[PDB]
């Protein structure tokens, strides 16, 4: 994805392609990069990702596509597509096995009974 | 001493012979030794 | 062994192991040695030395962890835990393709938390572990994290020097690939590498100064170097002032905070943002 | 005669002498870590009352031994039970009724035909 | 070296029993078991003299801590 | 392509410069670390 940003998007994505992936794939890093990018350019990047229909050349169709997929909608979808998944086993191994008082009683979380 | 609490069925090798895959490897090294002693004895 | 008293087995084991270790029988010798170590646990240091010589690196590592988990004051070869653990990283980090059983990265970061004398070395050890594994993008992540987590200049100078040398290696390899290939898309991958490499050099001043601002971010002088490092990036100069002037505590300040307030207001005033300049004088008071 | 500690005599008996080993599903969950450490090996599971055992506690007896290779060495699994009699006694209403923890593995496999 | 101190045997062990236990590692020509006059029993220890020190070494190394009647008998160099 | 070799030569030069400059900052810290905390007072 950075290799493609170097070819295609270059001037608009200078931070994305030039950093390391962990500097680039966190939820904050994606929202910063694509939140600051111009709306038509975030769409082109989503278009590269095959998230959205081809933007084409007709300015009217373009305006409908930008209207159908607004800026914050793209950034959230690009973020969901690109962000680092958490490895659930690392979070799982961090937990204890015994429940504590905060877990044995969890009153507002247990209407289950 | 304190080794006696550590000796067990594993130490005496009751729990180490269900596998048996060692024997083909041992056979390979074993035959090279047989030829090696034969060659050393050949000049005697 | 079954036939004789257990107390006579030392007269047998020294032959049994001595016979086995004279031959290229690693799979058999492993099973016999782990039996022997139940009666003579002192021999585990010699078992490790055997395993290394037979390239049983994955087993040599496991037995080293047992020697380290046995937190002896000194081992039966005169090595303390801080020596035995240093062996474990030398054996681990240089053998990534073979060390398959241990969680290597979890060992080396756990060292850094514990061996604060040599943090700058261990980050290269962890990164070099991935470089030998050819996981070049994990290698970058370790270096780029290290530069963000290292907390002395002495340790940063090692990591950054290593990371710059690592980048130059990859560019050198990739550059030759284009010089042989001539392919136009490979050359685009080469120039991408140059942007990456050149950018890391450009960060040098910023990263060095940032390390000092984790030693003592009451050092208002280093916030003024931080501002000058962004000279011409008018926005980031203002942003790091707004970081600076809240991060410093005046009571132990080195230099004094009044240089920041007047400096920031002067920066606005020099650029004609006099309302913001006044605003910073107001917040200053 | 070689193993004179009372513990070792039971460990030899458990791993080498006995051919039929009998254990409640509850106790199989407790003793797993010991049995795996002892190199306990078994080739056949027979379960009775399999419709009353929890899905979880039915599964654990499959894994009371290390795999000797890239694959397991279990040869037979016999489940004897009756899914038309009562389920395992899951007693929280939600975890019983919503998450269907009241389904034993015997009942689940019968529903799988 | 040729003189051994023998210790740790049970009350059942007579001098011929030690003779039967020690000639396994060389020629034994005498054994002595000092007896405690107050109890009328031996003190659990005895001396062995060998004709060769090498035999006494093959008798310390291979009788020391050896089991006799299920007890670990101790065999050692008389100081 | 010679363009790349000329560019790469300057970056190595720049790396070597940064190699030295880092060492200057390290030796400076030693005096400051040697200097006591009371020195500011």
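We just call them A, B, C, D, E and F in the order they show up, numbering each chain from 1.
The criterion applied here is as follows: contacts are C-beta pairs under 8 Å (C-beta built on N, C-alpha and C of every residue); 3 or more make two chains touch, one makes a residue touch a chain.
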>> Show me the overlap between the contact partners of chain D and those of chain E.
In response: none
>> By Cα centroids, which chain is closest to the centre of the whole protein?
In response: C
>> Between C-E and C-F, which chain pair is linked by the larger number of C-beta contacts?
In response: C-F
> What is the distance, in whole Å, between the centres of chain C and chain D, each centre taken as the mean of its C-alpha atoms?
Replying inline: 45
> How many angstrom lie between the CA centroids of chain B and chain F, rounded to a whole number?
Replying inline: 59
> When the centre of a chain is set as the mean of its C-alpha atoms, what distance in Å lies between chain B and chain D?
Replying inline: 37
> Which chain B residues touch at least two other chains?
Replying inline: 4, 7-8, 10, 12
> Which residues belonging to chain A are in contact with no fewer than two other chains?
Replying inline: none
>> If I count partner chains per residue in chain F, which residues reach a count of at least 2?
In response: none
> Pairs of chains that touch, anyone?
Replying inline: A-C, A-D, B-C, B-D, C-E, C-F
> Which of the residues in chain C come into contact with chain F in the complex?
Replying inline: 152-154, 156-157, 160-161, 164-165, 168, 171-172, 175, 178-179, 187, 190-191, 194, 197-198, 201, 204, 208, 254
> Considering the complex alone, what residue numbers of chain C touch chain B?
Replying inline: 1-2, 6, 23-25, 27-28, 31, 35, 38-41
> Contact residues on chain A for chain D in the complex?
Replying inline: 112-113
> Within the complex, which stretch of chain A touches chain C?
Replying inline: 2-3, 6-7, 17-23
> Okay, in this complex, where on chain E does chain C touch?
Replying inline: 61-62, 64-67, 72
